[PDB]
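Written out below as structure tokens is the structure these notes cover.
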Amino acid sequence: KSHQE
Amino acid sequence: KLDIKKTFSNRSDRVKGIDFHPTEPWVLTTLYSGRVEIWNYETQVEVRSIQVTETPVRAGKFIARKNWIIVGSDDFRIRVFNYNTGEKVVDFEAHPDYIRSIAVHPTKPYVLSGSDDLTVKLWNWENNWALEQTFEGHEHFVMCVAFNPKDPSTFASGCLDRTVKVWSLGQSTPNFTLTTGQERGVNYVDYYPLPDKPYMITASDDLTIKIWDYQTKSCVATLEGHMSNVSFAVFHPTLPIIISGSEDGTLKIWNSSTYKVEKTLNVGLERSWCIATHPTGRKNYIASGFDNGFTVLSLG
């Protein structure tokens, strides 16, 4: 998952 | 005169979304913890807060028109609350994946949501929040949606597929696609609000910010200076400046004519994720959300 944060 | 003053800062869990109320000295924050807060930044007192969900709430806007806030979360849902009573107005599944961004039409009862499901959707609150249109074409997470303030029958989506698409309400394909050359994708897109320039601005994980002429599709300028992912870049509505924020933990103020950095700020709250500018430019207020809280600044 890209850009989870 | 650029005379930056801290109006109010408080600590919280990571804030992913932020917005100014247009007539009350309030800022809305939406947190990675599922919580949303509305602070009066002048009295430094919380006006209302809600534990909306357990998942991150990445998007949040006031709908002053209706005394609402609208929020979107990783649990796939759009929720609307009355900020005077705290009452939940509506609660529906909007996308089968994360909601990254929400935009509100200035005169019509329309809301746009951008999602990891590769789409933008248009909801109509005068038609029971019915889904009126789905905009398909993007090939990765759409990270940001924004109406053209000079013509809100059009809007832009910024996407990790390295493009910005500009669309017309009522039409199924983009009016144009901008191939940005920002190879790690587009995290953010914003319009210059004034009629003298047909400008848009994009921010990327590739550490660049780019300015675009939306009539010729040309890159006007590339702004370098950040040392980690650029989370956002926006034109200030009244001051001749650009404001950006980065995972390098800084805010940068750039001259909008020369495109040179005028000021770098480390407000001490770690990584920067989101931005808002006061709609009418009151006290030249801006606000940004960070890993460790938010700050509201007066620029001059």
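None of the figures in this text is laboratory data; all of them are computed from the coordinates on show. Cβ atoms come from the backbone with ideal geometry, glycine included; neighbour counts cover every protein chain shown.
Overview of values
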read-out: So B:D3, is it assigned to a loop (DSSP other than H, G, I, E, B) and surrounded by 15 or more Cβ atoms within 10 Å (Cβ to Cβ); value: no
read-out: Qualifying positions in the range B:146-174 - in contact (Cβ under 8 Å) with a residue 12 or more places away in the chain, more than 22 Å from B:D205 (Cβ to Cβ) and not in a loop (DSSP other than H, G, I, E, B); value: B:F147, B:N148, B:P152, B:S153, B:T154, B:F155, B:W167, B:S168
read-out: Listing of strands (runs of 3 or more DSSP E) fully contained in the range B:175-224 that carry 1 or more residues being of a type in the set (F, W, Y) and surrounded by fewer than 19 Cβ atoms within 10 Å (Cβ to Cβ); value: B:176-179
read-out: Any strands (runs of 3 or more DSSP E) falling wholly within the range B:53-145 and containing at least 2 residues that are within 16 Å of the chain's Cα centre (by Cα) and charged (D, E, K, R); value: B:57-63
read-out: Criterion: on the phi > 0 side of the Ramachandran plot, surrounded by 18 or more Cβ atoms within 10 Å (Cβ to Cβ) and not basic (K, R) - qualifying residue of B:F76, B:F81; value: B:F76
read-out: Matching option when the condition is closer than 25 Å to B:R100 by Cα, in a loop (DSSP other than H, G, I, E, B), small (G, A, S) and in contact (Cβ under 8 Å) with a residue 12 or more places away in the chain, among B:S33, B:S9; value: B:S33
read-out: Filter result (of a type in the set (V, I, T) and within 14 Å of another protein chain (Cβ to nearest Cβ)) within the range B:1-34; value: B:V15
read-out: For B:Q44: the one exception among (1) closer than 21 Å to B:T85 by Cα; (2) of a type outside the set (A, V, I, L, M, F, W, C); (3) surrounded by 15 or more Cβ atoms within 10 Å (Cβ to Cβ); value: (3)
read-out: Yes/no for B:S115 being within 14 Å of another protein chain (Cβ to nearest Cβ) and buried (at least 18 other Cβ atoms within 10 Å of the Cβ); value: yes
read-out: Residue in the range B:121-136 that is without any contact (Cβ under 8 Å) to a residue 60 or more places away in the chain and within 14 Å of chain A (Cβ to nearest Cβ) present; value: no
read-out: Matching option when the condition is polar (S, T, N, Q) and in contact with a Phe, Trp or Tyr (Cβ under 9 Å, 6 or more places away or on another chain), among B:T238, B:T180; value: B:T180
read-out: Cβ pairs under 6 Å, 6+ apart, first in the range B:262-280 and closer than 16 Å to B:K61 by Cβ, second among the aliphatic types (A, V, I, L, M) and crowded, with 22+ Cβ neighbours inside 10 Å; value: B:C274/B:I18; B:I275/B:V234; B:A276/B:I18; B:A276/B:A287; B:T277/B:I286
read-out: Some residue of the range B:85-95 being out of contact with any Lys or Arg (no Cβ under 9 Å at 6 or more places or on another chain) and either within 14 Å of chain A (Cβ to nearest Cβ) or touching a residue at least 12 places away in the same chain (Cβ under 8 Å) (or both); value: no
read-out: Matching residues in the range B:225-234 - criterion: being surrounded by fewer than 23 Cβ atoms within 10 Å (Cβ to Cβ) and in contact with a strand residue (DSSP E or B) (Cβ under 6 Å, 6 or more places away or on another chain); value: B:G225, B:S228
